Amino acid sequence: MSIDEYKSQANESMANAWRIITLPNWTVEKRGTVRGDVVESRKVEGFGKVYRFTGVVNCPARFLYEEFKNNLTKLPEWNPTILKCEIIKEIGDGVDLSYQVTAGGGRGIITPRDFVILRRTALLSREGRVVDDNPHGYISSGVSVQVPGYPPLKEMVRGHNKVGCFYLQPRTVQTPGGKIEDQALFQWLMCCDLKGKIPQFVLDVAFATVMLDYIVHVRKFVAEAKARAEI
């Protein structure tokens, strides 16, 4: 792949993720423990069933964006669902390739899987245009690609991310004690291949559980940053 082919696919993927994650009319799949946390699903032509987590995280959106953008290889340190994360190559315009190994779901349906991910990280306007400052939202998009040198392993299922992203929107709130503090609306789009003949209602529970279980670790990471006066 020319890096133009990869750069093209990163742009196409980022635009599809943003377009999807902002579509109207979703179906509730599972509500979380914290007020407002929800996994929803819907049908999207050309992708099939997609999942979206929405919830609020007690940190600036820019802070989380910069952790995902600049510190992807540190993810395993605070998120035990991520076993390994390696950058393969950075090819410009906040576009890179990575190798990621995920743990199995807390259910036995989603097994350990590894991924070869093409990502774009960017700042977006409300119209989904890339901007240099004053963003509406911060996006980190993912799609699975093939990279020679990272073949499927016989010992591990190679997952296929069809379209996905994190999409973080800045919020500033008033606390009960009257303080003004930055928070973030955290949205996460997921759309996996999962192979074989497992019933969709079984897959829907398994994916919504994966997404709620991940958010626990995000909240823990944020709470430790707050404790240390990093935010």
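In this text, residue numbers run from 1 along the sequence as written.
Worksheet entry | Stretch exceeding the other in mean C-alpha B-factor - 126 to 134, 112 to 120 | Comparing 126 to 134 with 112 to 120, the higher average CA B-factor belongs to 126 to 134.
Worksheet item: Of 32 to 40 and 188 to 196, which one has the bigger average CA B-factor?
Response: The recorded data point to 188 to 196.
Worksheet item: Which one, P60, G46, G164, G55, has the peak C-alpha temperature factor per the PDB entry?
Response: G46 has the highest C-alpha B-factor of those listed.
Item to complete: Kindly indicate the residue among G159, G142, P76, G105 with the greatest C-alpha B-factor in the PDB record.
Response: So the option with the highest C-alpha B-factor is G105.
Worksheet entry | Third assignment of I180 from its chain's C-alpha B-factors | Within its chain, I180 is a middle-third residue by C-alpha B-factor, going by the deposited values.
Discussion item. Looking at the temperature factor on the CA atom of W26, which third of the chain's modelled residues does it land in?
Written reply: Top third by C-alpha B-factor.
Practice prompt. For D96, return the chain-relative third of its C-alpha B-factor as stated in the PDB record: lowest, middle or highest.
Written response: Ranked within chain, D96 CA B lands in the lowest tercile.
Item to complete: Within this chain's modelled residues, let me know which third the CA B factor of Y65 belongs to: lowest, middle or highest.
Response: Its C-alpha B-factor, which the entry lists for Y65, ranks in the lowest third among residues of this chain.
Worksheet item: Relative to the other modelled residues in the chain, which third contains the C-alpha temperature factor of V173: lowest, middle or highest?
Response: Middle third, going by the recorded CA B-factors of the chain.
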